[PDB]
Amino acid sequence: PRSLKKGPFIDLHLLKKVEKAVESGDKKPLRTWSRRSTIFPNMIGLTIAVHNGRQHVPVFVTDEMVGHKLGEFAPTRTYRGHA
Amino acid sequence: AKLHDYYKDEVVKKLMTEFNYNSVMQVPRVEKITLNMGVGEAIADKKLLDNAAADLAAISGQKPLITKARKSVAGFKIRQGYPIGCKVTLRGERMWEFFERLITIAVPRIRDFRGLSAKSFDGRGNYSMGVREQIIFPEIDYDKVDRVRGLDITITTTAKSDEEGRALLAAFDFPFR
Amino acid sequence: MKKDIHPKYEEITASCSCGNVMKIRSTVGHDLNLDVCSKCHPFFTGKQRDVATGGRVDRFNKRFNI
Amino acid sequence: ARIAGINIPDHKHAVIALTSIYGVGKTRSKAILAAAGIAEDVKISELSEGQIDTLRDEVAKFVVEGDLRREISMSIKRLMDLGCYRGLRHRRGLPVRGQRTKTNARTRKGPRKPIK
RNA sequence: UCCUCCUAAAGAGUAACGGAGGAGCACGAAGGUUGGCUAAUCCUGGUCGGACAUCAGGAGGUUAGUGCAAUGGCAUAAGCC
RNA sequence: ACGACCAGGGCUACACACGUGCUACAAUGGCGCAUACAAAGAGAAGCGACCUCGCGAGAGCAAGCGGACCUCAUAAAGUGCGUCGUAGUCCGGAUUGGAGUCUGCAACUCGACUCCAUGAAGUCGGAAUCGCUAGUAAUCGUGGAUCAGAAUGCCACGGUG
Ligand SMILES: [Mg+2]
Ligand SMILES: [Mg+2]
Ligand SMILES: [Mg+2]
Ligand SMILES: [Mg+2]
Ligand SMILES: [Mg+2]
Ligand SMILES: [Mg+2]
Ligand SMILES: [Mg+2]
Ligand SMILES: [Mg+2]
Ligand SMILES: [Mg+2]
Ligand SMILES: [Mg+2]
Ligand SMILES: [Mg+2]
Ligand SMILES: [Mg+2]
Ligand SMILES: [Mg+2]
Ligand SMILES: [Mg+2]
Ligand SMILES: [Mg+2]
Ligand SMILES: [Mg+2]
Ligand SMILES: [Mg+2]
Ligand SMILES: [Zn+2]
């Protein structure tokens, strides 16, 4: 993981969008390519559509989803099985 | 008869108040405790039954009644009459002293004990529980045994409703939750 | 009860780490030293702590300051 | 010879027989006996019962048999319920930590499953 | 050849290459007696234990049981120790 | 547009089949303490002592060095003592959980390392098959290239033999 002395990580263009959608109070799905941004506690309750390589899958943000990054909830490989 | 002495003075005074019974005979009371070991694997050999009955005779100090199959079923490969389990009925003073040793010693000796269920009272007050492992009783020596048995405890009481047996065991601080 | 068929059932003393001296009737014969009794088992204090869910937001805010 | 719920063998030495507890290892067993003042080369045999009472209190400081299995299952089921990538690996039976699944994933996948 | 039911027409009996099933044994206790006991099934609860073993409660009331076919009996049990 | 630019993904997927390897299945060993003996290399956007802090990977301050000077850098196998005493074990380390460090705009897919916990398979391998004639095989550590980081590969080096 990242060092504690650097703190967390989030894109600036994402962090400005989180700051806007909190104050504006809109529940539009925010499409986002920041698969590497740690989710913050002020993001809880928002539909944010993380990219997966091909499209944007919407992720509702839960209490337990804080200490992870957005790419974990957008799986990039589709696999169903061989048989 | 320590808990039987504890029953007659303080449990009866407790239940008569919180239920407003007309008579003192209207109070619940425990009647018998049944100690079954369903040993379905004894059809291979009698010695597993003969030693499991020996173990349950050490838990409660009575020689167990070896139970048999009421009828024949083919899913378990048994015929009507095969010795298939053992039971002990405990009444009187021997009921209370096992009941003392149960809730004070053996229930704390359960690995990862976290309580009982209050949903095990058979609709009519009679409580039944089942233990995973006979080593929770201190009667069993750990080195001398080889096989982990299991038994189940069944407290048959005179409570009419379902909650009245639940309140009865709670007067004996029975660790529900 | 019958006479011969039953095992020996004798009153012994069972002591514990909290010093709860308790005399019971038993089939052990020798004296018994316990580890936990119903008086000293952590069912009424210890098991309440042992759920320990923890907060995800509280884990986040502890690691630094903004 | 009965610590934290389970029994512990007497013929072994002190540090080794402690490691039968689900939650301690060779490191933490040295941490237990140093806090109890008990030498590590002695057995669980020829211990005073006061020393074993000292031993039970030191083990009770940490997370052990009944607590730890609940915490481990809680952490896995936390990943199960979120549906993250680590949750999907935990429930497809595939390796979580980013190992190869093309070859040599036999610990998570069990023995080989022949194409029938 | 023998047993049971129907045909058989409310006593007995009653035919057909009429309709359906069995028997050519078993048991030294599965006999005698005294004493005692009461099923099937289902519901709920309970370690392994599962549709189904054993245990505890309740419904049920013989829908079970009878060494074997069917019919008639069987609780005073002829059923079960 | 079959040319060009960017973000994200992929090249790391996974019922399976094969090659080449690494670590093992232990007692000619595991472990703990003590202790002896190397060679060959690299180093300036680098090597980084000493001291301090951290269980630890590391962090801080910071000399010395373009290097027979200083640094990477204490060789390990060995020996000496103690320990385990044949067990799936004080063997084996997979897997997984928790906590971290460092690199880098950034370690989710998808890095390495550390700590605590976890303790799979495996008890010497079917038919088959490979390497090797002397400092060789076998075994034991060491270094370099590539490289921000990232080898069990590759290329070198000596020990025992
Ligand atoms: Mg352990
Ligand atoms: Mg470890
Ligand atoms: Mg007639
Ligand atoms: Mg007539
Ligand atoms: Mg008869
Ligand atoms: Mg009679
Ligand atoms: Mg690109
Ligand atoms: Mg490739
Ligand atoms: Mg280099
Ligand atoms: Mg230090
Ligand atoms: Mg050595
Ligand atoms: Mg040695
Ligand atoms: Mg090991
Ligand atoms: Mg095996
Ligand atoms: Mg072995
Ligand atoms: Mg040659
Ligand atoms: Mg490198
Ligand atoms: Zn106590």
Within region B:114-138, considering residues that are touching a residue at least 40 places away in the same chain (Cβ under 8 Å) and surrounded by 14 or more Cβ atoms within 10 Å (Cβ to Cβ), the one farthest from ligand 1 (Cβ to nearest atom): B:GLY125
Could you list, in sequence order, all residues of region B:60-78 that are out of contact with any strand residue (DSSP E or B) (no Cβ under 7 Å at 6 or more places or on another chain) and surrounded by 14 or more Cβ atoms within 10 Å (Cβ to Cβ)? B:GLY61, B:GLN62, B:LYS63
Residues that are within 15 Å of ligand 1 (Cβ to nearest atom) and either in contact (Cβ under 8 Å) with a residue 60 or more places away in the chain or among the basic types (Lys, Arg) (or both), drawn from region D:9-44: D:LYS12, D:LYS26, D:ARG28, D:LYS30
Scan region D:24-32 and tell me whether some residue there is β-branched (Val, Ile, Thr) and more than 12 Å from RNA strand F (Cβ to nearest atom). no
Flag for D:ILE6 being without any contact (Cβ under 8 Å) to a residue 60 or more places away in the chain, at the interface with another protein chain (Cβ under 10 Å from one of its Cβ atoms) and within 16 Å of ligand 18 (Cβ to nearest atom): no
Which pairs have Cβ atoms under 6 Å, sit 6 or more apart or on different chains, and link a residue in region A:57-78 that is more than 7 Å from chain D (Cβ to nearest Cβ) and free of Cβ contacts under 8 Å to residues at least 24 places away in the same chain to one that is surrounded by 15 or more Cβ atoms within 10 Å (Cβ to Cβ) and among the basic types (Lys, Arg)? A:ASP63/C:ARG56
Scope region C:4-25; condition in contact with a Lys or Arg (Cβ under 8 Å, 6 or more places away or on another chain), closer than 17 Å to B:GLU139 by Cβ, more than 7 Å from chain B (Cβ to nearest Cβ) and surrounded by 14 or more Cβ atoms within 10 Å (Cβ to Cβ); matching residues: C:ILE12, C:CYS16
Suppose we filter region B:11-28 for residues that are assigned to a helix (DSSP H, G or I) and in contact (Cβ under 8 Å) with a residue 60 or more places away in the chain; how many remain? 5
Just checking, which of D:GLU58, D:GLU65, D:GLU49, D:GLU71 is more than 16 Å from ligand 18 (Cβ to nearest atom) and more than 14 Å from chain B (Cβ to nearest Cβ)? D:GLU58
Within region C:26-66, which residues are more than 7 Å from every other protein chain (Cβ to nearest Cβ), of a type outside the set (A, V, I, L, M, F, W, C) and in a loop (DSSP other than H, G, I, E, B)? C:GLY29, C:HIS30, C:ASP31, C:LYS39, C:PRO42, C:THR45, C:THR53, C:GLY54, C:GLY55, C:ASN65
Is it true that some residue in region B:166-173 is away from chain D (no Cβ under 14 Å) and touching a strand residue (DSSP E or B) at 6+ places or on another chain (Cβ under 7 Å)? yes
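Here is a yes/no grid of residues against (1) surrounded by fewer than 17 Cβ atoms within 10 Å (Cβ to Cβ); (2) touching a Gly at 6+ places or on another chain (Cβ under 9 Å):
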position: D:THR19; (1), (2): yes, yes
position: D:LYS30; (1), (2): yes, no
position: D:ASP41; (1), (2): yes, no
position: D:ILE52; (1), (2): no, no
position: D:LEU55; (1), (2): no, no
position: D:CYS84; (1), (2): no, no
position: D:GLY110; (1), (2): yes, yes
Any residue at all in region D:69-82 that's more than 27 Å from B:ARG114 (Cα to Cα), surrounded by fewer than 15 Cβ atoms within 10 Å (Cβ to Cβ) and more than 16 Å from RNA strand E (Cβ to nearest atom)? no
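All Cβ positions, even for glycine, are placed from backbone atoms using ideal geometry, and neighbour counts span all protein chains on display. Laboratory data are not the source of any read-out in this text; all were calculated from the coordinates shown.
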